[PDB]
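Peer 1: Pasting an experimental structure, sequence included:
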Amino acid sequence: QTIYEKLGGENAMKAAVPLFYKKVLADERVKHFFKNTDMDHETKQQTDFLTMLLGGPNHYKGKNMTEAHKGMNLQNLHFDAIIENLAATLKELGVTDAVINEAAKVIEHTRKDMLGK
Ligand code: HEM
């Protein structure tokens, strides 16, 4: 009963991260930010990061949230879009609203680290 376990553990996270990128890369609000991104790299880092954040194994060796988005001057509407797409991903994968909300509540603490950097 970590959030990572409630979502379904490793095979669930490996399905969810590429589906979340499929939605992000179709969302007019944010897709363009990824134009020059190595999507294999990025899928791996984000899988490691959400796995760590949500109480699974901690193998995240990437940048902190300010460094990751430095120079992007991200705005609130961009962060809302990312949360909406992760929520829609987990809902499409059959996750209940209560578990989506627990996950979102953890991720939402990162907003101040990345906006306006
Ligand atoms: C606010 C809207 C956001 C936008 C537009 C965005 C966009 C990006 C982009 C474009 C990169 C890659 C730069 C590159 O390597 O090509 C990146 C890195 C990353 N972002 Fe975001 N991001 C956002 C929010 C989030 C959130 C909410 C999280 C997780 C909670 C997240 C986690 C990460 C991670 C783990 C990396 C990888 C850092 C590394 O490579 O070491 N981001 N982001």
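Peer 2: Cool, got the structure. Numbers count the residues shown, from 1 in each chain.

Peer 1: Once you drop chain neighbours, what's closest to the residue in the chain positioned nearest to the ligand?
Peer 2: Of all residues in the chain, residue 62 sits closest to the ligand, at 2.7 Å by C-beta to the nearest ligand atom. C-beta: built from backbone N, CA, C; applies to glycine. Distances taken as C-beta to C-beta, 6 or more residues apart in numbering place residue 45 nearest to residue 62, at 4.6 Å, with adjacent residues excluded.

Peer 1: quick one: the helices in the protein?
Peer 2: For the chain, the helices defined by DSSP state H occupy 3-7, 9-24, 39-53, 65-68, 76-92, 97-107, 111-114.

Peer 1: Now do the fourth one: which elements does it pack against?
Peer 2: Secondary structure elements in contact with helix 65-68, counted by 3 or more C-beta pairs under 8 Å, 6 or more residues apart in numbering; DSSP states H and E, are helix 111-114.

Peer 1: And the first one, by the same measure?
Peer 2: Helices and strands touching helix 3-7, as assessed by 3+ C-beta pairs under 8 Å, 6+ apart, comprise helix 9-24, helix 97-107.

Peer 1: buried ones in that helix?
Peer 2: Buried positions in helix 3-7, judged by neighbour count with 16 or more other C-beta atoms under 10 Å: 3, 4, 6, 7.
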